[PDB]
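Text of the file work-v4.cif, holding mmCIF, C-alpha atoms and all ligand atoms; chains and numbers go by the auth columns:
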```
data_data
loop_
_atom_site.group_PDB
_atom_site.id
_atom_site.type_symbol
_atom_site.label_atom_id
_atom_site.label_comp_id
_atom_site.label_asym_id
_atom_site.label_seq_id
_atom_site.Cartn_x
_atom_site.Cartn_y
_atom_site.Cartn_z
_atom_site.B_iso_or_equiv
_atom_site.auth_seq_id
_atom_site.auth_asym_id
ATOM 1 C CA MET A 1 0.000 0.000 0.000 0.00 1 E
ATOM 2 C CA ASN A 2 0.975 3.640 -0.717 0.00 2 E
ATOM 3 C CA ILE A 3 -0.801 6.975 -1.301 0.00 3 E
ATOM 4 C CA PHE A 4 -1.535 6.131 -4.957 0.00 4 E
ATOM 5 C CA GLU A 5 -3.113 2.765 -4.111 0.00 5 E
ATOM 6 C CA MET A 6 -4.967 4.325 -1.164 0.00 6 E
ATOM 7 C CA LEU A 7 -6.535 7.143 -3.181 0.00 7 E
ATOM 8 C CA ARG A 8 -7.305 4.736 -6.032 0.00 8 E
ATOM 9 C CA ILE A 9 -9.421 2.704 -3.585 0.00 9 E
ATOM 10 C CA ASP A 10 -11.089 5.795 -2.115 0.00 10 E
ATOM 11 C CA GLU A 11 -11.813 7.577 -5.416 0.00 11 E
ATOM 12 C CA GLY A 12 -12.383 4.755 -7.909 0.00 12 E
ATOM 13 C CA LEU A 13 -11.692 4.947 -11.639 0.00 13 E
ATOM 14 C CA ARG A 14 -14.247 6.200 -14.164 0.00 14 E
ATOM 15 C CA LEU A 15 -13.363 7.198 -17.730 0.00 15 E
ATOM 16 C CA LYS A 16 -16.420 9.393 -18.466 0.00 16 E
ATOM 17 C CA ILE A 17 -17.444 12.615 -16.732 0.00 17 E
ATOM 18 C CA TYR A 18 -19.515 11.821 -13.639 0.00 18 E
ATOM 19 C CA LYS A 19 -20.698 13.625 -10.511 0.00 19 E
ATOM 20 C CA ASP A 20 -18.769 13.125 -7.263 0.00 20 E
ATOM 21 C CA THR A 21 -20.228 12.726 -3.745 0.00 21 E
ATOM 22 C CA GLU A 22 -20.860 16.485 -3.570 0.00 22 E
ATOM 23 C CA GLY A 23 -22.558 16.575 -6.979 0.00 23 E
ATOM 24 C CA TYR A 24 -19.551 18.112 -8.782 0.00 24 E
ATOM 25 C CA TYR A 25 -18.363 17.104 -12.245 0.00 25 E
ATOM 26 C CA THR A 26 -15.324 14.832 -11.996 0.00 26 E
ATOM 27 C CA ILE A 27 -13.433 12.292 -14.118 0.00 27 E
ATOM 28 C CA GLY A 28 -10.729 9.674 -13.784 0.00 28 E
ATOM 29 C CA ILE A 29 -9.479 8.941 -10.271 0.00 29 E
ATOM 30 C CA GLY A 30 -11.303 11.698 -8.409 0.00 30 E
ATOM 31 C CA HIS A 31 -10.140 14.537 -10.681 0.00 31 E
ATOM 32 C CA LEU A 32 -12.495 17.403 -9.858 0.00 32 E
ATOM 33 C CA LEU A 33 -13.241 19.411 -12.997 0.00 33 E
ATOM 34 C CA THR A 34 -15.391 22.268 -11.666 0.00 34 E
ATOM 35 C CA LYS A 35 -17.941 23.165 -9.028 0.00 35 E
ATOM 36 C CA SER A 36 -20.116 24.816 -11.689 0.00 36 E
ATOM 37 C CA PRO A 37 -23.418 23.074 -12.527 0.00 37 E
ATOM 38 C CA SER A 38 -22.668 23.663 -16.241 0.00 38 E
ATOM 39 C CA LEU A 39 -21.676 20.454 -18.016 0.00 39 E
ATOM 40 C CA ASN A 40 -20.263 22.600 -20.822 0.00 40 E
ATOM 41 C CA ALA A 41 -17.938 24.260 -18.305 0.00 41 E
ATOM 42 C CA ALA A 42 -16.823 20.823 -17.077 0.00 42 E
ATOM 43 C CA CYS A 43 -16.160 19.719 -20.644 0.00 43 E
ATOM 44 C CA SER A 44 -14.009 22.797 -21.268 0.00 44 E
ATOM 45 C CA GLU A 45 -12.034 22.103 -18.093 0.00 45 E
ATOM 46 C CA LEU A 46 -11.467 18.519 -19.240 0.00 46 E
ATOM 47 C CA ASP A 47 -10.181 19.524 -22.684 0.00 47 E
ATOM 48 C CA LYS A 48 -7.816 22.066 -21.096 0.00 48 E
ATOM 49 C CA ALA A 49 -6.552 19.506 -18.573 0.00 49 E
ATOM 50 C CA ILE A 50 -5.909 16.797 -21.193 0.00 50 E
ATOM 51 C CA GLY A 51 -4.810 19.071 -24.048 0.00 51 E
ATOM 52 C CA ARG A 52 -7.191 17.791 -26.724 0.00 52 E
ATOM 53 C CA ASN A 53 -10.853 17.900 -27.678 0.00 53 E
ATOM 54 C CA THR A 54 -12.440 15.092 -25.672 0.00 54 E
ATOM 55 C CA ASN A 55 -15.996 13.850 -25.980 0.00 55 E
ATOM 56 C CA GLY A 56 -16.201 13.741 -22.186 0.00 56 E
ATOM 57 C CA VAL A 57 -14.284 10.432 -22.235 0.00 57 E
ATOM 58 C CA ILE A 58 -10.594 9.799 -21.517 0.00 58 E
ATOM 59 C CA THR A 59 -8.284 6.772 -21.569 0.00 59 E
ATOM 60 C CA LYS A 60 -6.906 5.011 -18.502 0.00 60 E
ATOM 61 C CA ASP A 61 -3.428 6.407 -19.219 0.00 61 E
ATOM 62 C CA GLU A 62 -4.923 9.918 -19.325 0.00 62 E
ATOM 63 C CA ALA A 63 -6.742 9.290 -16.017 0.00 63 E
ATOM 64 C CA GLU A 64 -3.497 8.105 -14.414 0.00 64 E
ATOM 65 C CA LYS A 65 -1.659 11.176 -15.738 0.00 65 E
ATOM 66 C CA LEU A 66 -4.142 13.561 -14.104 0.00 66 E
ATOM 67 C CA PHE A 67 -3.998 11.455 -10.936 0.00 67 E
ATOM 68 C CA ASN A 68 -0.200 11.747 -10.679 0.00 68 E
ATOM 69 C CA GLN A 69 -0.485 15.513 -11.127 0.00 69 E
ATOM 70 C CA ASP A 70 -3.234 15.701 -8.494 0.00 70 E
ATOM 71 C CA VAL A 71 -1.269 13.714 -5.886 0.00 71 E
ATOM 72 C CA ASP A 72 1.737 15.963 -6.570 0.00 72 E
ATOM 73 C CA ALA A 73 -0.443 19.064 -6.180 0.00 73 E
ATOM 74 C CA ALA A 74 -1.808 17.824 -2.854 0.00 74 E
ATOM 75 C CA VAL A 75 1.723 17.363 -1.510 0.00 75 E
ATOM 76 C CA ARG A 76 2.764 20.795 -2.780 0.00 76 E
ATOM 77 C CA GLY A 77 -0.282 22.351 -1.120 0.00 77 E
ATOM 78 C CA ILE A 78 0.749 20.792 2.195 0.00 78 E
ATOM 79 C CA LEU A 79 4.368 21.930 1.919 0.00 79 E
ATOM 80 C CA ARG A 80 3.451 25.530 1.044 0.00 80 E
ATOM 81 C CA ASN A 81 0.884 25.874 3.860 0.00 81 E
ATOM 82 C CA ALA A 82 2.119 27.208 7.201 0.00 82 E
ATOM 83 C CA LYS A 83 -0.392 25.123 9.175 0.00 83 E
ATOM 84 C CA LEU A 84 -0.123 21.831 7.298 0.00 84 E
ATOM 85 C CA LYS A 85 3.652 21.660 6.757 0.00 85 E
ATOM 86 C CA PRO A 86 4.709 21.282 10.438 0.00 86 E
ATOM 87 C CA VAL A 87 2.109 18.559 10.959 0.00 87 E
ATOM 88 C CA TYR A 88 3.172 16.702 7.796 0.00 88 E
ATOM 89 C CA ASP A 89 6.841 16.962 8.792 0.00 89 E
ATOM 90 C CA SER A 90 6.013 15.509 12.218 0.00 90 E
ATOM 91 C CA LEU A 91 4.285 12.401 10.821 0.00 91 E
ATOM 92 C CA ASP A 92 5.511 8.958 9.769 0.00 92 E
ATOM 93 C CA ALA A 93 5.045 7.974 6.118 0.00 93 E
ATOM 94 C CA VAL A 94 1.750 6.087 6.618 0.00 94 E
ATOM 95 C CA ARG A 95 0.142 8.991 8.461 0.00 95 E
ATOM 96 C CA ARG A 96 1.541 11.389 5.835 0.00 96 E
ATOM 97 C CA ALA A 97 -0.531 9.474 3.281 0.00 97 E
ATOM 98 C CA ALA A 98 -3.628 10.001 5.446 0.00 98 E
ATOM 99 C CA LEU A 99 -3.024 13.768 5.374 0.00 99 E
ATOM 100 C CA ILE A 100 -2.437 13.795 1.604 0.00 100 E
ATOM 101 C CA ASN A 101 -5.720 11.892 1.238 0.00 101 E
ATOM 102 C CA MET A 102 -7.612 14.608 3.169 0.00 102 E
ATOM 103 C CA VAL A 103 -6.032 17.404 1.101 0.00 103 E
ATOM 104 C CA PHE A 104 -6.821 15.539 -2.134 0.00 104 E
ATOM 105 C CA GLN A 105 -10.493 15.333 -1.118 0.00 105 E
ATOM 106 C CA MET A 106 -11.030 18.756 0.513 0.00 106 E
ATOM 107 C CA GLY A 107 -8.162 21.015 -0.604 0.00 107 E
ATOM 108 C CA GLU A 108 -5.365 22.744 1.289 0.00 108 E
ATOM 109 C CA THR A 109 -7.498 25.526 2.788 0.00 109 E
ATOM 110 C CA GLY A 110 -10.157 23.126 4.060 0.00 110 E
ATOM 111 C CA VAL A 111 -7.746 20.793 5.841 0.00 111 E
ATOM 112 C CA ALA A 112 -5.716 23.711 7.221 0.00 112 E
ATOM 113 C CA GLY A 113 -8.895 24.761 9.053 0.00 113 E
ATOM 114 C CA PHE A 114 -8.892 21.582 11.196 0.00 114 E
ATOM 115 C CA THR A 115 -6.847 23.476 13.804 0.00 115 E
ATOM 116 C CA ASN A 116 -7.647 21.317 16.843 0.00 116 E
ATOM 117 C CA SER A 117 -7.271 17.999 14.990 0.00 117 E
ATOM 118 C CA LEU A 118 -3.931 19.138 13.563 0.00 118 E
ATOM 119 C CA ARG A 119 -2.682 20.037 17.040 0.00 119 E
ATOM 120 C CA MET A 120 -3.647 16.595 18.377 0.00 120 E
ATOM 121 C CA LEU A 121 -1.879 14.949 15.428 0.00 121 E
ATOM 122 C CA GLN A 122 1.271 16.996 16.086 0.00 122 E
ATOM 123 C CA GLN A 123 1.010 15.941 19.758 0.00 123 E
ATOM 124 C CA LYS A 124 0.704 12.288 18.636 0.00 124 E
ATOM 125 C CA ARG A 125 -2.498 11.889 20.667 0.00 125 E
ATOM 126 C CA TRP A 126 -3.876 9.447 18.130 0.00 126 E
ATOM 127 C CA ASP A 127 -7.099 8.273 19.805 0.00 127 E
ATOM 128 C CA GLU A 128 -8.012 11.843 20.761 0.00 128 E
ATOM 129 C CA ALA A 129 -7.257 13.071 17.237 0.00 129 E
ATOM 130 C CA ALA A 130 -9.440 10.291 15.821 0.00 130 E
ATOM 131 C CA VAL A 131 -12.368 11.369 18.022 0.00 131 E
ATOM 132 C CA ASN A 132 -11.904 15.019 17.078 0.00 132 E
ATOM 133 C CA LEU A 133 -11.596 14.323 13.327 0.00 133 E
ATOM 134 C CA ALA A 134 -15.001 12.575 13.323 0.00 134 E
ATOM 135 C CA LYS A 135 -16.740 15.735 14.637 0.00 135 E
ATOM 136 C CA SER A 136 -16.813 17.153 11.135 0.00 136 E
ATOM 137 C CA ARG A 137 -18.951 17.633 8.057 0.00 137 E
ATOM 138 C CA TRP A 138 -16.284 15.521 6.330 0.00 138 E
ATOM 139 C CA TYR A 139 -17.027 12.483 8.493 0.00 139 E
ATOM 140 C CA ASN A 140 -20.802 12.930 8.410 0.00 140 E
ATOM 141 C CA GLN A 141 -20.952 13.230 4.614 0.00 141 E
ATOM 142 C CA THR A 142 -18.395 10.498 3.715 0.00 142 E
ATOM 143 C CA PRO A 143 -18.272 8.317 6.846 0.00 143 E
ATOM 144 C CA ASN A 144 -16.832 5.110 5.393 0.00 144 E
ATOM 145 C CA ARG A 145 -13.972 6.921 3.675 0.00 145 E
ATOM 146 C CA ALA A 146 -13.376 9.162 6.681 0.00 146 E
ATOM 147 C CA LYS A 147 -13.326 6.094 8.944 0.00 147 E
ATOM 148 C CA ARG A 148 -10.596 4.556 6.764 0.00 148 E
ATOM 149 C CA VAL A 149 -8.508 7.723 6.827 0.00 149 E
ATOM 150 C CA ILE A 150 -9.067 8.172 10.574 0.00 150 E
ATOM 151 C CA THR A 151 -8.081 4.561 11.290 0.00 151 E
ATOM 152 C CA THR A 152 -4.877 5.230 9.357 0.00 152 E
ATOM 153 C CA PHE A 153 -4.139 8.243 11.593 0.00 153 E
ATOM 154 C CA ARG A 154 -5.117 6.304 14.716 0.00 154 E
ATOM 155 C CA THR A 155 -2.963 3.223 14.066 0.00 155 E
ATOM 156 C CA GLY A 156 -0.201 4.220 11.663 0.00 156 E
ATOM 157 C CA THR A 157 -0.986 1.042 9.726 0.00 157 E
ATOM 158 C CA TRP A 158 -2.736 0.198 6.467 0.00 158 E
ATOM 159 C CA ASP A 159 -5.305 -2.062 8.195 0.00 159 E
ATOM 160 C CA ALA A 160 -8.292 -0.118 6.870 0.00 160 E
ATOM 161 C CA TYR A 161 -7.159 -0.670 3.248 0.00 161 E
ATOM 162 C CA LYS A 162 -5.929 -4.272 3.495 0.00 162 E
ATOM 163 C CA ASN A 163 -8.952 -6.331 2.452 0.00 163 E
ATOM 164 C CA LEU A 164 -9.720 -3.742 -0.243 0.00 164 E
HETATM 165 S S1 LIG B . -17.708 16.947 -22.980 0.00 1 D
HETATM 166 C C1 LIG B . -19.451 17.302 -23.345 0.00 1 D
HETATM 167 N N1 LIG B . -19.941 18.611 -23.672 0.00 1 D
HETATM 168 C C2 LIG B . -21.436 18.396 -23.993 0.00 1 D
HETATM 169 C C3 LIG B . -22.304 19.335 -23.127 0.00 1 D
HETATM 170 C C4 LIG B . -21.719 18.618 -25.488 0.00 1 D
HETATM 171 N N2 LIG B . -21.671 17.034 -23.535 0.00 1 D
HETATM 172 O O1 LIG B . -22.892 16.546 -23.616 0.00 1 D
HETATM 173 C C5 LIG B . -20.507 16.216 -23.250 0.00 1 D
HETATM 174 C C6 LIG B . -20.284 15.163 -24.370 0.00 1 D
HETATM 175 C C7 LIG B . -20.554 15.563 -21.870 0.00 1 D
HETATM 176 CL CL CL B . -5.497 19.924 -14.337 0.00 2 D
HETATM 177 CL CL CL B . 8.096 13.239 17.362 0.00 3 D
HETATM 178 CL CL CL B . -12.717 16.157 20.547 0.00 4 D
HETATM 179 K K K B . -14.871 9.646 -6.688 0.00 5 D
#
```

Would you write out, as structure tokens, the structure that this file holds?
Amino acid sequence: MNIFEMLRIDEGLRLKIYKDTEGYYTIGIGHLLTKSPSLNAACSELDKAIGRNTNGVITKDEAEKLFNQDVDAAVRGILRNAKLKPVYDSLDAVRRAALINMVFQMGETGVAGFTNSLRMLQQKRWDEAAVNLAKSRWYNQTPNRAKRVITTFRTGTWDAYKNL
């Protein structure tokens, strides 16, 4: 297991434009295209991202290319953020993947707002952090995914992704 395999489980793989859990147009392995309700806007974002006129459908190689860029962007967002970077630096590699997962799903600004959870993670108070992380819109709206990510923070193991 690694961050790529973890996010591939959590986001799935779909080669045609679809709507994500929040109703937003998305493609590939959780590549958000736009928050606009306009399918035409989503299609224009897709063509710009891929560099060709798509019919709303991409190949698996194209999906994996966007995915690599998106994982990279999540890491860069963590490293450039004054609240996320010290927490990331304090974590082991498994828990770092858990943080990248959150940033991939919610963005740098959203995760940086989890001030109390981030403090508990920096303190390595894993059970307390797990309780605090669940008191969130994130957990209530995507509880099975959030439970997997939280278990990863709680244990520092890949147990929540093993039989998946
Ligand atoms: S991509 C795309 N743009 C329009 C609105 C024409 N679509 O119906 C697609 C094929 C999803
Ligand atoms: Cl892009
Ligand atoms: Cl330490
Ligand atoms: Cl709490
Ligand atoms: K998804």

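Residues within 8 Å of residue 161 of chain E, counting all atoms listed in the file and excluding same-chain residues fewer than 4 positions away, are residues 1, 6, 9 and 148 of chain E.
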
- Which residues sit within 10 Å of ligand CL 3 (chain D), counting all atoms listed in the file, listed as a ChimeraX atom specification? /E:89-92,122-124

Problem - Hits from the PyMOL selection byres (((not hetatm)) within 9 of (chain D and resi 5)), listed as a list in words - result: residues 10, 11, 12, 13, 14, 18, 19, 20, 21, 26, 27, 28, 29, 30, 31 and 32 of chain E

Selected residues written out, C-alpha atoms, as a compact mmCIF listing (two decimals), in the coordinates of the input:
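The new file again18.txt reads:
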```
# COMPACT_ATOMS: atom_id res chain seq x y z
CA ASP E 10 -11.09 5.80 -2.12
CA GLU E 11 -11.81 7.58 -5.42
CA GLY E 12 -12.38 4.76 -7.91
CA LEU E 13 -11.69 4.95 -11.64
CA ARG E 14 -14.25 6.20 -14.16
CA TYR E 18 -19.52 11.82 -13.64
CA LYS E 19 -20.70 13.62 -10.51
CA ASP E 20 -18.77 13.12 -7.26
CA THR E 21 -20.23 12.73 -3.74
CA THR E 26 -15.32 14.83 -12.00
CA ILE E 27 -13.43 12.29 -14.12
CA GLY E 28 -10.73 9.67 -13.78
CA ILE E 29 -9.48 8.94 -10.27
CA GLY E 30 -11.30 11.70 -8.41
CA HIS E 31 -10.14 14.54 -10.68
CA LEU E 32 -12.50 17.40 -9.86
```

Please list as a short mmCIF file (atom, residue, chain, number, x, y, z; two decimals) with C-alpha atoms, keeping the file's coordinate frame every residue within 9 Å of segment 37-51 of chain E, counting all atoms listed in the file and excluding residues in the same chain fewer than 5 positions away.
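Listing of selection-v9.cif after writing:
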```cif
data_model
loop_
_atom_site.label_atom_id
_atom_site.label_comp_id
_atom_site.auth_asym_id
_atom_site.auth_seq_id
_atom_site.Cartn_x
_atom_site.Cartn_y
_atom_site.Cartn_z
CA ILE E 17 -17.44 12.62 -16.73
CA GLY E 23 -22.56 16.58 -6.98
CA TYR E 24 -19.55 18.11 -8.78
CA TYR E 25 -18.36 17.10 -12.24
CA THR E 26 -15.32 14.83 -12.00
CA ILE E 27 -13.43 12.29 -14.12
CA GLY E 56 -16.20 13.74 -22.19
CA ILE E 58 -10.59 9.80 -21.52
CA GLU E 62 -4.92 9.92 -19.32
CA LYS E 65 -1.66 11.18 -15.74
CA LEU E 66 -4.14 13.56 -14.10
#
```

Between atom CA of residue 133 of chain E and atom CA of residue 118 of chain E - distance in Å to one decimal: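 We find that atom CA of residue 118 of chain E and atom CA of residue 133 of chain E lie 9.1 Å from each other.
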
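You will find atom CA of residue 116 of chain E at 10.3 Å from atom CA of residue 128 of chain E.
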
(Q) At a cut-off of 9 Å and counting all atoms listed in the file, what residues surround ligand CL 4 (chain D)? Please answer as a ChimeraX atom specification. (A) /E:116-117,128-135

Restrict the calculation to all atoms listed in the file, then for each residue of segment 45-145 of chain E with any atom at most 7 Å from an atom of segment 153-158 of chain E give the closest atom pair and their distance in Å to one decimal, rows by chain and rising residue number, as a Markdown table.
```
| residue | atom | partner | partner_atom | distance |
| --- | --- | --- | --- | --- |
| E:94 | CA | E:156 | CA | 5.7 |
| E:95 | CA | E:153 | CA | 5.4 |
| E:98 | CA | E:153 | CA | 6.4 |
| E:126 | CA | E:154 | CA | 4.8 |
| E:127 | CA | E:154 | CA | 5.8 |
| E:130 | CA | E:154 | CA | 6.0 |
```

Given the selection you just returned, output its residues as a file containing C-alpha atoms, formatted as a short mmCIF file (atom, residue, chain, number, x, y, z; two decimals), in the frame of the given file.
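Output saved as selection12.cif:
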```
data_model
loop_
_atom_site.label_atom_id
_atom_site.label_comp_id
_atom_site.auth_asym_id
_atom_site.auth_seq_id
_atom_site.Cartn_x
_atom_site.Cartn_y
_atom_site.Cartn_z
CA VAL E 94 1.75 6.09 6.62
CA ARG E 95 0.14 8.99 8.46
CA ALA E 98 -3.63 10.00 5.45
CA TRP E 126 -3.88 9.45 18.13
CA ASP E 127 -7.10 8.27 19.80
CA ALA E 130 -9.44 10.29 15.82
#
```

The centre and edge lengths of an axis-aligned box containing all atoms of ligand LIG 1 (chain D) present in the file, extended by 5 Å on each side, are to be given in Å to one decimal, as AutoDock Vina command-line options.
```
--center_x -20.3 --center_y 17.2 --center_z -23.7 --size_x 15.2 --size_y 14.2 --size_z 13.6
```
